[PDB]
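Observations on the model geometry
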Amino acid sequence: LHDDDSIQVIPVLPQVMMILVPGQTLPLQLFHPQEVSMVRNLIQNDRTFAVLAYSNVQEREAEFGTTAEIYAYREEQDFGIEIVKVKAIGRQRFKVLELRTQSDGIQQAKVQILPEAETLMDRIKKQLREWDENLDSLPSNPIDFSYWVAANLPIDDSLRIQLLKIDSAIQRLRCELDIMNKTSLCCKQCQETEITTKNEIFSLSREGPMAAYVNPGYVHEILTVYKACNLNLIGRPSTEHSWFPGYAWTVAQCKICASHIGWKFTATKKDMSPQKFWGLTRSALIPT
Ligand SMILES: [Zn+2]
């Protein structure tokens with residue numbers, strides 16, 4: 001692993017506008033010949049690329065980000081194209097010192113690794129159990145716990161970065177608890193439609209609270225909630241490439257503005273425990 005305060009050059013996939021956190025999984029599917037070639041060499045060259053926390057995506061302005069290390073690589077060939085699907089985990093946060101694009105179009109970023117309250121954890125843990133009671137997979141260390149919380153939380157991207165700037169685990173834990181106290185989400189374009197609340201979130205899996213899935217190119221972050229409001233389902237369930245196995249999906253849509261706020265999931269077998277659960281896209285929701 002890269003040393004603290006070091007300065008190295010790490011590739012930037014120009015498509016990603018997600019804000020990754022150390023320990024946050026990123027699913028990627030690459031169709032472009034260049035991006036594919038970059039990952040292949042990178043697979044031999046430490047499998048480490050850069051995920052920037054863009055402030056203004058239009059200008060592509062990010063002051064910091066986190067490193068992502070590839071752990072899965074599978075190659076396919078569809079419609080005459082060579083495609084690559086890779087999975088990578090956040091490893092180390094960094095601060096952007098420089099970023100210039102080489103002649104080949106390969107965007108590289110030179111960055112500096114940023115160096116690495118028990119009752120505050122537990123009190124924060126009690127606040128999470130109030131919204132949903134579950135069985136632990138939650139981490140023991142305070143460092144890891146601050147990151148998992150930052151990833152699995154309905155956070156605005158503005159505040160998502162603000163917790164990456166914090167270099168103290170105890171400070172991350174303290175700032176994160178203040179937000180959980182600060183209640184419900186809403187439709188972005190509307191800003192009036194109230195969709196769900198913190199009491200509805202739950203975890204189908206260990207990383208259940210929030211996780212990411214690829215567009216069968218686009219990468220969505222989907223919040224799992226038990227019930228929802230003010231959203232119309234459209235059509236009938238389909239079992240095609242259900243992001244959650246054994247469930248069928250139907251597109252949800254805002255009643256007022258018709259923005260696609262997510263999907264509604266339904267068990268193909270009565271045996272499954274969360275019979276009714278909703279997947280909601282983070283990009284379509286703004287916290288109140
Ligand atoms: Zn709306």
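Conventions and cut-offs
Residues numbered from 1 in each chain as written, not as in the entry; some residues may be left out. Heavy atoms only, no water. Residues with missing side-chain atoms left out of burial classes, pairs and counts. Salt bridge = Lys/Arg side-chain N within 4 Å of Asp/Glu carboxyl O. Helix = DSSP H or I, 4+ residues; strand = E, 2+ residues; numbered from the N terminus. Domains from an automatic or database assignment. Contact = heavy atoms within 4.5 Å. Nonpolar A, V, L, I, M, F, W, Y, C, P; charged D, E, K, R; others polar. Polar contact = N/O pair within 3.5 Å; in protein donor to acceptor, adjacent residues only side chain to side chain.

As documented in the archive entry, the model was determined using X-ray crystallography at 3.11 Å resolution.

Notes on the pattern of salt bridges
Between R40 and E82 there is a salt bridge, and its shortest N-O distance comes to 3.4 Å. With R40 in helix α1 (residues 33–44) and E82 in strand β5 (residues 81–101), the pair connects residues that are 42 residues apart, well separated along the chain. Here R91 makes a salt bridge to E69, at a shortest N to O gap of 3.0 Å. Here the residue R91 occupies a position in strand β5, and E69 occupies one in strand β4 (residues 61–78), the gap between them amounting to 22 residues. Salt bridges linked by common partners bring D157, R160, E221 and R282 together as one network.

Here we look at the domain arrangement of the protein chain
Parsing the protein chain into structural domains produces domain 1 (7–113), domain 2 (118–182) and domain 3 (194–287). In this structure, domain 1 and domain 3 have C-alpha centres spaced 27 Å apart. Contacts between the two partners involve five residues from domain 1 and, on the opposite side, six residues from domain 3. Residues that form the side of domain 1 that touches domain 3 fall into these classes: three nonpolar, two polar and no charged.

Focus on the side chain of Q92
Along the polypeptide, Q92 turns up in strand β5. Of note is the side chain of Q92, whose polar atom sits 2.7 Å from the backbone oxygen of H2. Those residues in contact with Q92, other than ones at most four positions away along the chain, are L1, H2, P22, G65, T66, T67 and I113.

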